[PDB]
Structure formats: C-alpha cells, structure tokens
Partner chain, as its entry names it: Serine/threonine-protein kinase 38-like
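The chain below stands alone, shown as structure tokens; this is the form solved without the partner chain.
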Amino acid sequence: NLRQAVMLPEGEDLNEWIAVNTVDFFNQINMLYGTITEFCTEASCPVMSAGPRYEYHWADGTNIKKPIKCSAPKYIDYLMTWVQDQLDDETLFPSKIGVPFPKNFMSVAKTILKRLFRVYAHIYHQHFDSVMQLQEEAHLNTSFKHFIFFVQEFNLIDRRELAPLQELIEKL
C-alpha cells in the first residue's frame, strides 16, 4: 500500500523522511535510466524534452545560472551529477548525528525532486517502447507511482511542473 507507505511514520522527523526517500528515488531513477542509456543518445534526443510540448535547459542556479540547451543524455548527466553532489554534501544531507538539516532543506529537496521528475517525463515520452523492449515497464510504473504518491503526500512538486505527465498521474 503505497499511499500508506509514504505517510510520515510514528513520531518521525519530516526532514529525515524526505531526505531518506529522496535518496532512494534518485537511486531508482538512476537505475531505470541506466537501463535505457543505449537508446538515449545525442542522435535520438538532440534536446532534452518531455515530448515536443516541453523542452528543458540545464541550469543549477549557482555554477550555471544561464540555462544551457543540450541533449537528453547530457542534460541528465548534468542533473544526476548535480543531485549526487547535494546528497554527498554533509551540510545538506547529514549522515552524522550532529549536523541538523539546514534552514532551507525543504527548498533544497523540492528542487531535486522537481528535476528528477523530468527524467521520468523524458523516459515515458521518448523511450517507453525501449522500456517495453527491455521488459522493465513494471519497474518503471511502480517506481513512478511511488515517487508521485510521495510528492503528492507532502506537496513537493507543483502542478505546472507535473503537467507533462498529468494524464498518466491521473490514472494512478
């Protein structure tokens, strides 16, 4: 029961819960995209997109403030390295029992989740046939559904970001 599994457990700390699931989703998505890289190439995906109605340009707001128009593999590389960095950052994601979560942690996590969604969107829009080819649709669908149930639970991604898969989300 996913709706149940995403709720804030008995006397748990919100930040820790979100931190803990965010790490897991990154891993899920990394795995899933990892499986179809052979089919996501600079040739197939010249610009990063969620179908022709949505095109994404990479910026992290610090090192790169002016969005770069790039291919899907490149955009996702930018993205995955970027998320990794954050998760490895001890001021951001404390693994010790001494560092608290920064005052802005929620905003940090929301930003990671916002962008992780785009990998799902690109996969569903552009590579679902490959996903079926490799017989990983069940893995993809359950992962996405889990991801969405969690963000809906804590209102972590706003509707206009989710729009490229609104129809798919509605059928969850």
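Positions refer to the first chain, counted from 1.
A second form of this protein, the form deposited with the partner chain bound, is not displayed here; the remarks below concern that form.
Colleague: Contact with the partner chain in the deposited bound form for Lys110, defined as at least one heavy atom pair within 4.5 Å: yes or no?
Modeller: No, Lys110 sits far enough from the partner chain in the deposited bound form that none of its heavy atoms falls within 4.5 Å.
Colleague: Is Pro73 close to the partner chain in the deposited bound form, meaning a heavy atom pair under 4.5 Å apart or at it?
Modeller: Answer no; every heavy atom of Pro73 is more than 4.5 Å from the partner chain in the deposited bound form.
Colleague: Although the partner chain is absent from this view, report whether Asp24 comes within 4.5 Å of it in the deposited bound form, heavy atoms only.
Modeller: So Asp24 counts as contacting the partner chain.
Colleague: Does at least one non-hydrogen atom of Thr35 fall within 4.5 angstroms of the partner chain in the deposited bound form?
Modeller: Yes, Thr35 sits close enough to the partner chain in the deposited bound form that at least one of its heavy atoms falls within 4.5 Å.
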